[PDB]
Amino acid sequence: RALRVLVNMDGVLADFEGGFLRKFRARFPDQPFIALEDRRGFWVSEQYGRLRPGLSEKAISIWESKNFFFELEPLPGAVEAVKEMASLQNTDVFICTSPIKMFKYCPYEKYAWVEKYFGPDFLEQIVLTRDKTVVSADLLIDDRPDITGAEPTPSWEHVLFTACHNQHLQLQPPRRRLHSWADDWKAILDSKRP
């Protein structure tokens, strides 16, 4: 009876693209880079690899480094919106996020980041998983276009959160976007209420 909304972390709450670019340029100042306006495709490393050999690996080294995830800036309006959303009657919010493959820092720092911006109690709302299709909900707000896994018919509707890497993408008609946290997320939630 409560509406259940999964909110993705990187690309939705936390500015992974901006953080990556800043730290990449700082560490590899003699290398070429991709301006955010020129990003295409979800995987940063794939575009960097196309741009010259060995650059994929240098890109990966940025997000595998300590404090990369912890130091990400929140996207504008994201913390306020999620706080408001969680406080709504008949509304349960989980943060549903995937770790990178190297697990030394990323799990820990994602929990740390949520504590920082949402408080200790909000840690109870974190679902860390590589497969979001096995998490049941009414809505998943996520910047990644292709959300696949072991469940062929997830219970949620995937609402595509706009990011630099996806802003030009034409989606299969029934599919919907949340263009930013200034956009009308309440109306999206309301369209799903019983």
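Start at 1 with the first residue shown and count on from there.
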{"query": "Of 48-56 and 145-153, the stretch whose C-alpha atoms average the higher B-factor in the entry", "finding": "48-56"}
{"query": "Between the two ranges 35-43 and 66-74, the one averaging a larger CA B factor in the entry", "finding": "35-43"}
{"query": "Lowest, middle or highest third - CA B-factor, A81", "finding": "middle"}
{"query": "Third of the chain's Cα B-factor distribution that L171 belongs to, per the entry", "finding": "highest"}
{"query": "For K132, the third of its chain into which the C-alpha B factor falls", "finding": "lowest"}
{"query": "CA B-factor placement of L88, once the chain's modelled residues are sorted into thirds", "finding": "highest"}
{"query": "Ranked C-alpha temperature factor of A26 among modelled chain residues, by third", "finding": "highest"}
